[PDB]
Amino acid sequence: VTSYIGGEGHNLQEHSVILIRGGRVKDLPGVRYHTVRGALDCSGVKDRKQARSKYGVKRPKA
Amino acid sequence: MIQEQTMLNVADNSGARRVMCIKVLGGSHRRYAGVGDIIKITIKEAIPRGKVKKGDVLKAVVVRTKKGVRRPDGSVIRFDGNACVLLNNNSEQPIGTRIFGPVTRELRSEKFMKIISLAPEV
Amino acid sequence: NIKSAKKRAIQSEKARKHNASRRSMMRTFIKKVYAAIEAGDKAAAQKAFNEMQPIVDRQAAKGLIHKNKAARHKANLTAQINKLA
Amino acid sequence: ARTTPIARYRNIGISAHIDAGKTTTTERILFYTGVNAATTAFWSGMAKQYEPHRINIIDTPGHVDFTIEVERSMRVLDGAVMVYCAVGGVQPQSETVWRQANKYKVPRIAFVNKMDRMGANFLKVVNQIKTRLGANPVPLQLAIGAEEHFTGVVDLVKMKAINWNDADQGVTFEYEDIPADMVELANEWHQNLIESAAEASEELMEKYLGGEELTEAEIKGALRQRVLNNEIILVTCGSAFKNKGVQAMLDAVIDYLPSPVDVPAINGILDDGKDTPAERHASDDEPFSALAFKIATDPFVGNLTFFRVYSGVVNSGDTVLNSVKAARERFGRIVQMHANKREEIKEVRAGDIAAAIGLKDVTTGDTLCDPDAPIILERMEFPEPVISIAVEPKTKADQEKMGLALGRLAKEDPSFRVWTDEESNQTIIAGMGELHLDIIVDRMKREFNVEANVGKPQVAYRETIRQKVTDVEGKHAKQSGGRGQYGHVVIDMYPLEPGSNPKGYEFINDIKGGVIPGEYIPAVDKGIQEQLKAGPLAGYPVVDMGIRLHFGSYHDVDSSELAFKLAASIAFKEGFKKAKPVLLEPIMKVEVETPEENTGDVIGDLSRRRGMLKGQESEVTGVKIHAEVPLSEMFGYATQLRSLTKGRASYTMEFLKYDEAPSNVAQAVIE
RNA sequence: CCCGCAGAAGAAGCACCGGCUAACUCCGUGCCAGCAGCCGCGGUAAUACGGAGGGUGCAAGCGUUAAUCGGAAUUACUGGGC
RNA sequence: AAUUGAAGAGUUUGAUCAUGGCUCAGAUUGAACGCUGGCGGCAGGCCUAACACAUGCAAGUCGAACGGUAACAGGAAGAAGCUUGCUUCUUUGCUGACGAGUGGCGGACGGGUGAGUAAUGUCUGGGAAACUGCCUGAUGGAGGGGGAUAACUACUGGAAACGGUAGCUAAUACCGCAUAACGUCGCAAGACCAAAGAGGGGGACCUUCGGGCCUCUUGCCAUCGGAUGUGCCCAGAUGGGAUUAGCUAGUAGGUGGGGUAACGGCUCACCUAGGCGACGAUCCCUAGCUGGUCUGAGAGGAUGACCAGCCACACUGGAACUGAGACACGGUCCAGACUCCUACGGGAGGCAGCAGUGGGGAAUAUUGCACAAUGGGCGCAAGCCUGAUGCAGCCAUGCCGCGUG
Ligand SMILES: CC(=O)O[C@H]1C[C@@]2(C)[C@@H](C[C@@H](O)[C@H]3[C@@]4(C)CC[C@@H](O)[C@@H](C)[C@@H]4CC[C@@]32C)/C1=C(\CCC=C(C)C)C(=O)O
Ligand SMILES: Nc1nc2c(ncn2[C@@H]2O[C@H](COP(=O)(O)OP(=O)(O)O)[C@@H](O)[C@H]2O)c(=O)[nH]1
């Protein structure tokens, strides 16, 4: 299946092992799932600060 | 006396069931293989699971020939049918892991020890 | 199998061989009676019935055949030994 | 609970060049110690002479390829028995393990094996340790004859010609005295053994100057004091095969190789904060601290994690801390490989080694410390691969599994690496050499049943033009049926020089007063931009191109972003065709580091490899050679660079630039 | 479980703030990067994107996903239509 | 006092309403993932592969059934180094006790799993032809004989698993004989059926001085009851499919034999030619059922983890033997797939018991402590066994408390 990769930027290439989420993209007919950032071989969104729980970004060092 | 063509039964798992000799290895113009010689083989039957599949090309060890075997003294051992143990193409050495039906003393080779260790007889 | 109460196996074997042999002859006696009926010999039927009655009863007691079976044999054997004989 | 011997611990690893017996010799021990790859066993000393000492042995690989197996196998443990072939001198991979011992300043003795072999020569090799390894040997022994006439050895401390007998392999003795043959040689010791022992302390030699024959007890302490301070390498010699020699060498271990306390306490850091040597004295009653060397997976107990406990203690159930991952682990079952049996343990003290079953995420190099007393430890170093090769999963099905397996082999071997080429997405593995790579792939077949064949990695080529091409013309004019649409553009395409990092592309708005409105001018740029993603020669990005607007035309309405975007597209073609296009290839800044002896061959090969040379230093002992050599041409360098320099030659490379590819190359690179 | 000891000492995150929906501004961005359960935001003054300040809701959990019923009288016996 | 509770919102239009669907607020979860994470109480924790399994444990127990001595201990049908009432050696099973063996009872409980089973089961309500260990009420019996055999001893084969010959021995093991009704067959007259001893103590009388003998406590046999358990029968309910319409030879009934604890085509021979199905037979697909769980105002819809009842299964197919009970989860036999041991001739094993590994997966835990308690097996008891159970360890998985002033 074809699946969305949300957030600004990603690693993710031909052999990346990912975790697929479920949830459509109503601009992309046929794309009915998201790829869960920060899970397995997908990195979180670099430099993001808000809503970090989505996009798999860890708290930046209190 | 095995020779090119000639179906052989198989005396191991691996899963061959029926197999055909496509060459008697070991010499130019060598006519027959028997006793405990090696032959090139093409699988004709093959169980569904199995290490091997139909159409494969391997080697194998003649383990029972109907023409049987003699050795010293003058006696004979004859088996009702022709059977062999499939060998991996590079290393000789059974691809199987269990042997079925009796095998003979002649097979007492370094490489064929694993066969007589298995195998319930002679 | 590694549970030493596998003596039960060697034990209940002695049992099977014992049971077998006793259970064997009480059958061959019941047979003798049916044979007589087939032969037609009223005498040997009631004779052979007398010989088999103690066997059937004793074994039922010893717990090899059980009670109601014992009954059923001498029951309908009787029925027949004096149905034409 | 209680413990037992402690501080009678000998953490030694055997390592040497290939053959040599560095394994055969190790099995021989387990025989001798076991009267009546890590293992442990107990040596009471061959004569009964000793209070039983507990020895942790590690037989390491020879070879390179798996040098990682020595970094770890020398970082952690305390002593080292460097084996040498009675026939084969020092030889290249002896030097490398030498450097690894020095890297970690690990004390060491020496064992010249194979004295029974033709061409055996004890003292020759001893001398090579001096000459080739720039170290200070001290023959702690002398060989009774050589090759097939190798009958025994001379303990030249206790000054007796040790005799091992016929059967029972070793054991037995009768400690015979020196034979008439060697009395002359025997009356040396290298008197600078005793003069080497002397140099421990001057007050120890002051009586030596004063001709006072030193007590046997004070010498052993003397040179041991200096073995420990690695200023001296005792040599022992023997022949594992004849069983004539291995045993005397064990004694030399307890005699002259450290305890875990004869040792500098560990260095390290605190967490966030800063340094302080972690210190942690080699003491049972210190806070626990250990380093994880070597990860494996046994099919019945799961993950095995070998560690060396430097301080404190761990009990089965104590939840230690992986400081270098910021997560805690809970110890469970523990196993010591015990000569030949995975013996179980509930407690593991400092100065010992063992493998922890079941630990979840502990890679090689991590520190397991006390959660209240957190510290990072030194962590050895990761050899850095020298070879790469691309692999594909033979069966397209297996492609998923090939992924899984290569991953596993990575966390087991840090000297091995895997990734996916950002361009021409093929799976690329990398290792310390041809053989390394071989048995990795072989290990996939055996353990993960993924067979895959291998090939030369692909190369990212580029495209450019060579001639400035004068005013080329693009035009659209779409009277078809719908949107009017018409754009006309005239431009100059010209090569650049490698300029401004990010661009490699230059668009210039040298448009007239207003032949095309500046609102459409962004578009014409976008149109060219599109054509650069994979140019007309053979796909592959276009680079180092500049473009100048000069002339065009529009309708007052029909023209549009799209219209000029196509016009530009068309303008790019035809202009490119006439511009003398060429295929670029990538070059590396290449740095070869080689001995003096063969800088001739190495230079010539760099040249053979279609390479340009640029400098030489003569940096100390080797000679750094500097060169620009193309990528599609460096493949498998390691393998041959080795052949040309007897194994002794690092090298390094990274990207530098793109230059024209020679024609036969270019026309070959046709997809 | 009770009795003593020292000192605030060792202990706060997570989603949201265009409508549905409790919670609004500046900056960056310029149909790009992106958001998005539904409608829909983005082509130079974006409370919708991303950062900040501020706020709102929950709190040792908070979100997202997956799942069953509900709202769905949208299979209508209760309780629908042509 | 105790099933007393029913909410709407967004989305097609210039605007409207309806239509319809899509969508949202709630409750719930054996959850997972991302970011985050202090404690406690109670509970929950392989939903996928009924996939394959290393290791240890999960079933024994009685010397008050018997012969008995391998080890322990004591005493000694008595003895040194002298450490003369304090030791460590040899004897003697004397006593305590106890390896192996016979014997008895248990191993059919306890625990696991959901593969199979759409009705061979489960549920509800009835029914008649049945057996039922230990526990219990009543009535009497418990006499007198015989042949064996493990262990053992002597030869002897194996690497191991296992044994092989010959001879010897005990009992509550085994078989006759007697005894024989309120038992069984039989209208009756009549025929016929069983069993076991063992311990503690003891006045006399006494004997081969073993004990007879006396007493108390148990156990043995028979019959009829009680209790509990189990087997069998009927009706109704308990999924979807007609893009499955026909189905049926032991088939439906009968008669007579046989058979079971028992009724019965259960089986067999013969005679009848029936029996089932549009109220869905047949054949396909899917599935353990229930108490209950979740949701809902209700009717409904969804569901069958954890607790309790019922059923089924025990590596796969099959079979019986022992027994009150099995066609037996840690029993036997055959066969198959597979794994393991071997000195190559030959052997062995089945975690869906607890813990645990690999594998699969988005995902599910310790190779823990203890029989102290409740309960189960054996035992007169003391006690031994008990991964049932009682606790702890792991995980924010849930619930409820409390803190971080
Ligand atoms: C046992 C030991 O100590 O080293 C052995 C074991 C060894 C270090 C091996 C070399 C190399 O595979 C090593 C790697 C990193 C190879 C890549 C992966 O498979 C690793 C999981 C593996 C770990 C150990 C291993 C398998 C050895 C050799 C091999 C020599 C080979 C030749 C042709 C001379 C050695 O020591 O000479
Ligand atoms: N003849 C002889 N051979 C030896 C001796 N020591 C080692 N070897 C041989 O060295 C070879 C490899 O031994 P091993 O220790 O396994 O090598 P390593 O593992 O590389 O150290 C074998 O053939 C051994 O017999 C020796 O003392 N005499």
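Swiss-Prot numbering applies to chain D: residues 2-37, 66-700, in that order.
We read in the header that electron microscopy, 6.8 Å was used to get this structure.
Cβ coordinates come from backbone N, Cα and C, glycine included.
Quick look at what Swiss-Prot lists:
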BINDING   D:17-24, D:88-92, D:142-145  GTP binding site
MOD_RES   D:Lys504  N6-acetyllysine
MOD_RES   D:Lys643  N6-acetyllysine
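In this structure, the binding-site residues that sit close to ligand 2, with a C-beta under 6 angstroms from any of its atoms, are D:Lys23, chosen from D:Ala17, D:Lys23, D:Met144.
All protein chains included, D:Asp20 (GTP binding site) registers 17 other Cβ atoms within 10 Å of its own Cβ. Checking the recorded positions D:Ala17, D:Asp20, D:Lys23, D:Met144, D:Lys504, D:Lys643 for a CB within less than 6 Å of any atom of ligand 1 leaves no residue at all. Following the DSSP three-state reduction, the secondary structure of D:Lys504 (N6-acetyllysine) is strand. Cα-Cα distance from D:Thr89 (GTP binding site) to D:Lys504 (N6-acetyllysine): 72 Å (rounded to the nearest whole number).
Between the C-alpha atoms of D:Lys504 (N6-acetyllysine) and D:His92 (GTP binding site), the distance comes to 67 Å.
In space, D:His92 is the closest of the binding-site residues D:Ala17, D:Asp20, D:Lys23, D:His92, D:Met144 to D:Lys643 (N6-acetyllysine), judged by Cα positions.
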